[PDB]
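First comes the structure, then the notes that go with it.
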Ligand SMILES: O=c1[nH]c(=O)c2nn[nH]c2[nH]1
Ligand SMILES: O=c1[nH]c(=O)c2nn[nH]c2[nH]1
Ligand SMILES: O=c1[nH]c(=O)c2nn[nH]c2[nH]1
Ligand SMILES: O=c1[nH]c(=O)c2nn[nH]c2[nH]1
Ligand code: NA
Ligand code: NA
Ligand code: NA
Ligand code: NA
Ligand SMILES: [Xe]
Ligand SMILES: [Xe]
Ligand SMILES: [Xe]
Ligand SMILES: [Xe]
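Chains as they are written, first to last, in my numbering: chain A, 239 to 533; chain B, 239 to 533; chain C, 239 to 533; chain D, 239 to 533.
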């Protein structure tokens, strides 16, 4: 037997950082969960019990804290690139670093109409994420994403004209509820290294904001012919607005809300145009994916 | 042996309702999870296999949907009271109904600065809840709550002057992070029945809003001497602003963020006044409770 | 306003302990999660910011580890009693301690048919729990429980003869699937103090084993007329076999498995006597409770 | 823009099936959660709102139930292959089916030392899984796995001789606790189609059993030099015992249990050879992966 692939590291490293403005007194907090896995010339730790090639996972944990102390942690694309570059430069035998970062929301509180200098609220479970792969001699590949953005519209969604055969019971509809949890990922052009990532820093937050804005507006305004058709429209617009993105991927559950026929009870009318009370379904759910690129 | 207490019913009944304004075209959605347990002269279903006394739990589920179709579902204190009253009036042998309702957030989206007529976002996992106990001959007892409101402040929290003995290692502090998930419950004066609950309908939403507002402002503005001291201040203000509340209860975790000493690494300074990077602790946590009433 | 009730402490304290037999070389592990909340003359910490009355929650955490180092941790009823007694005896102003313990399964592995001296498997998510309330001058109240015991039987469950009215759609049945997660609690006679708890130590493990055995046998063998009827039979037998128990409480979900009519597809027969494929329902579920005592 | 990849289908489809032996009266249950995603000539549903190419996800759900009614559901490798083959054969424009199946444990109860004909217990959260990719013209690729197998050993694990630099604080150790949740995957040789999968049916259950047995024995018996070294030994043995497997992959968290220094309290000795009470750490954790193949 032989080792065909191997990677190892530390997962679920929770990190908080505060910035304190000396002048204004305003404080800003960042909280993330970080995972770092390394690859390189480490096969002998598996095959011969040779621990001399292992950077201990505890040391990786230490490095994440030290790196956060010495560098900005925002935007996460930059922090991930700094952290990954560290490992491949510091250790001769380590040739790839894979860094995943989940950013948690701490939104500044408004009290009596003005922003508070040091108080924050978790205003949603929505996350902003990055996956950064730093590979020696091949640059830095970055995928940025948002996830856990849960939306619903109560009308202006249709679903008709689908294939019907002996396996089909679903009725065509011209008015249904549409609800999903949005997972959207944009993949950047390969960067040659840390200098190039630094040159594009302002684009990272701006592109996240654009992706979020396009997602929400398109969902609200599209008279949706299907999940497939609406998600394509979102991805098209994101690629149009940021030339440094190569592909956009959406993965969307279709979270079903079923009509409840109540006619059995005193002829009560609760279906079609009369539908007011619905039963949300926990499972099963549709799952619709697409990756859109440039032609 | 004898049956000392018994209750039974349906849990985890998910309900959605939409209201459609005919004039304006604006739609508003409500989504809840409902649990209803009944008590009464039902002992023989346990002791003698006598099912004739059982309102089937499936029928309770049907009743929740029918009741939601025929009545407003907001404020939840009113809906819960209507639903509980139904069971005790409809069935001679059922003498108590216990209704719990969890309300999920569907907040109207703003698109290009204006509110969308039919699109919504789950803008937080914070819940608004009610527990309603309808007991034949003893009226209606209502506890209203908010939960899952997660906050953090980065300074203006202290903790010093506590008992020190041979079990104490904790250092006194004049500046720490304070973070919690707020669970706050206000218990109303007993109501004689459904007419009295209806007479107070406008107070329910207003009191929820006040409780939320007082919680957030007090947390942001109090230079906190302890969790105990700050939570007392919140409860005091709520009782002062709504005379129909008899007690307020808070249950608050103290979610710890620990300093990380980095001095072992090149004399790096990251503690006390120099602390920038912290390690959030998933467990254990402090848990602090108090019920405040009128003197 | 006035403090009507208050308690505070540490939650989610994870503890592991190992015992190493010097002779045989056999090791045995225990893992628990512990919560301790105290009550007493502590109102001034809430009302006047007087921290001098507070045993810091960090110190409570320290005490749990020290107590586990110096005492046996099994049976959990004994460990909880020792831990609660400590707080009320050590601190003059603390008059009640409330200790909850969840025990996690680490079952010894059999390798090649024999028991391994030091290797363990989490063979189920089933828990054994205790709640111990130690109140100065009023002794020690102990409730022991098992929870998270998930079972299913595929036949020998019936449900017919229930109340039918204009809210009823459910069909009577003489053969259905029955599945539940068992939560069973037995409450001991009040003990005068730690000496009395020590005198009954052998009864604690034996009663847990009996409760488990009666639950499983009754479920497997009863041709069930309803959840209500079967659970009563379980509780009756437990009270009969241990005179030091005053009450038994069961709380049982009815986790539904629905028939799927497939007749629309080529006349396929999948209902009644022909039912083979079912759809498990995640929600809603029945919830059935009963507390049985001595007559 | 252009569609670069697309797949869609139904997730979280819960299925139960019962087999009833007419002679013996013995019943056997199977419960699974199934996900099916399709690929093919479906781009126009995204780009032109052309629903004529869409097999509705509701119809996929129907097909899973029908297929389970007409075919055996065990071993899951066979059921997944039948289900995937159906879609590519039935629909001309669908060219790939991806089927994931999670099998839940329903273990037959022993009552009074003998096996019960119709009663079952969920004896662990451990799962048996399959991923089956059926691609038109390229056969059937099957990855089988077990997951959620949680183990701990209290001694006979070491970790010393690792790289030490200015980022290292971890002390070398010759005796520590080792605990993990095992995720192991074995990938089969490509099969030409359903006839070939049928020819190997007996190997599927036997190989799962072997993989489980090797995992448990190796973990219990290896005086572990590192997670890396022990996991390699497991994978080596599995490949040796089943020639139809091409690769084995393990993904293993290192779930840390930390010593607690209690010397601050009355010189209490709880570290090194005196360590009895430990603090399990919820996070962070090591994460160690390896894919082993044939040389
Ligand atoms: O938008 C949808 N796309 C689909 O593929 C589908 N299948 N059922 N409902 C559906 N809705
Ligand atoms: O506010 C606090 N109250 C307490 O009781 C406590 N114990 N440790 N830290 C603490 N903080
Ligand atoms: O055992 C049962 N008890 C009940 O009260 C009930 N209601 N629906 N199905 C039921 N089954
Ligand atoms: O087995 C281990 N492998 C590792 O890479 C490691 N790092 N810290 N502890 C460890 N244990
Ligand atoms: Na390198
Ligand atoms: Na009544
Ligand atoms: Na005392
Ligand atoms: Na095809
Ligand atoms: Xe969508
Ligand atoms: Xe607080
Ligand atoms: Xe039961
Ligand atoms: Xe391992």
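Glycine is no exception: its CB is placed at the ideal position from the N, C-alpha and C atoms.
In the DSSP assignment, find the unbroken alpha helix (DSSP H) run with residue i in it and report its ends.
i	result
residue 302/A	295–308
residue 440/B	439–459
residue 317/C	314–328
residue 476/D	465–479
residue 596/D	Residue 596/D is absent from the model: chain D starts at 239 and stops at 533.
Measure the C-alpha to C-alpha separation of residue i and residue j and round it to an integer number of angstroms.
i	j	result
residue 325/A	residue 335/A	7 Å
residue 356/C	residue 274/B	48 Å
residue 386/D	residue 487/D	15 Å
residue 393/A	residue 267/B	11 Å
residue 255/D	residue 516/C	6 Å
residue 437/A	residue 306/A	20 Å
residue 289/B	residue 464/C	8 Å
residue 413/D	residue 261/C	19 Å
residue 308/A	residue 317/A	11 Å
residue 511/B	residue 313/A	25 Å
residue 333/D	residue 422/D	29 Å
residue 447/B	residue 343/B	14 Å
residue 508/B	residue 514/B	6 Å
residue 410/A	residue 375/D	34 Å
residue 291/D	residue 279/D	8 Å
residue 418/D	residue 458/A	45 Å
residue 547/D	residue 277/D	Residue 547/D lies beyond the range of chain D shown here (239 to 533); nothing can be said about it.
residue 391/C	residue 361/D	14 Å
residue 257/A	residue 471/B	29 Å
residue 263/C	residue 462/D	18 Å
Since residue i is in the beta strand (DSSP E), which residue starts that stretch and which ends it?
i	result
residue 247/D	240–258
residue 381/B	377–391
residue 529/D	523–531
residue 352/A	352–359
residue 365/C	365–373
residue 343/B	Counting along the chain, residue 343/B falls outside any beta strand (DSSP E), and DSSP gives it neither H nor E.
residue 516/C	515–518
residue 419/D	416–426
residue 486/A	483–492
residue 267/C	265–278
residue 495/B	495–497
Since residue i and residue j are thought to touch, with beta carbons under 8 Å apart, how far apart are those beta carbons, to the nearest angstrom?
i	j	result
residue 252/D	residue 271/D	5 Å
residue 485/C	residue 530/C	7 Å
residue 287/D	residue 467/A	4 Å
residue 389/D	residue 483/C	Contact doesn't hold; Cβ gap of about 35 Å is too wide.
residue 239/D	residue 408/A	Contact flag wrong, Cβ pair sits at about 30 Å.
residue 295/A	residue 351/A	With 8 Å as the limit, residue 295/A and residue 351/A do not qualify as a contact, their Cβ atoms being about 48 Å apart.
**Item:** Near-chain B residues of the stretch 383–413 of chain D (beta-carbon distance less than 9 Å), N- to C-terminal order
**Value:** 404, 405 and 407
**Asked** With contact counted as at least three CB pairs below 8 Å, one residue from each stretch, are the stretch 377–385 of chain B and the stretch 425–438 of chain B in contact?
**Response** yes
**Request:** Could you name the residues of the stretch 508–525 of chain D whose beta carbon sits closer than 7 Å to any beta carbon of chain B, in the order they occur along the chain?
**Result:** 520 and 521
**Prompt:** Does the count of Cβ pairs from the stretch 516–526 of chain D and the stretch 489–502 of chain D closer than 8 Å reach three?
**Reply:** yes
**Prompt:** For the stretch 479–512 of chain C, which residues have a CB atom closer than 8 Å to at least one CB atom of chain A, in sequence order?
**Reply:** 502, 503 and 504
**Asked** Would you say the stretch 314–325 of chain C touches the stretch 279–286 of chain C, given that touching needs at least three Cβ pairs under 8 Å?
**Response** no
**Request:** Inspect the CB distances between the stretch 362–370 of chain C and the stretch 397–416 of chain C and report whether three or more fall short of 8 Å.
**Result:** no
**Positions along the stretch 418–438 of chain A whose CB lies within less than 8 Å of some CB in chain B** = none
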